[PDB]
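Going left to right, the sequence shown walks through residues 0 to 65 as the authors' numbering numbers them.
All remarks here apply to the structure that follows.
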Amino acid sequence: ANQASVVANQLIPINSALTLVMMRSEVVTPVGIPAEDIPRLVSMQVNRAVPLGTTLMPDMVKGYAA
């Protein structure tokens, strides 16, 4: 409905630090990390490969807590 999540704009390899080109905002279901937090995600690492178009979930980001 109106809440957007962070979605991978490219494949993100396992253990890569997130950069802004990697993250778009889209209204997807199920809901993942709120698109509002994209600034705060830069430089944090993902703990698994995230294919293009996959919603980024809290458990995929090392050290994420919000």
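A virtual CB, placed ideally from N, CA and C, is assigned to each residue, including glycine.
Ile37 and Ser4 closer than 8 Å at C-beta: The residue given as residue 37 occupies position 38 in the sequence shown. The residue given as residue 4 occupies position 5 in the sequence shown. No; because the gap between Cβ atoms is not below 8 Å, this pair is not in contact.
Pair within 8 Å by beta-carbon distance, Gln9 and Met21: For the purposes of this step, residue 9 is identified with residue 10 of the sequence shown, where counting begins at 1. For the purposes of this step, residue 21 is identified with residue 22 of the sequence shown, where counting begins at 1. It is a contact, given that the beta carbons lie within the stated cut-off.
Nearest-angstrom Cα separation, counted from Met59 out to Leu51: Reading the sequence shown from its first residue, position 52 is the one you call residue 51. Reading the sequence shown from its first residue, position 60 is the one you call residue 59. Taking the straight line joining both Cα atoms gives about 14 Å.
Helix, strand or coil at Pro57 according to DSSP, with G and I counted as helix: The residue you call residue 57 lines up with position 58 of the sequence shown. Reduced to three states, the DSSP call for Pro57 is helix.
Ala34 and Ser42 closer than 8 Å at C-beta: Within the sequence shown, the letter at position 35 stands for residue 34. Within the sequence shown, the letter at position 43 stands for residue 42. Contact flag unset, no.
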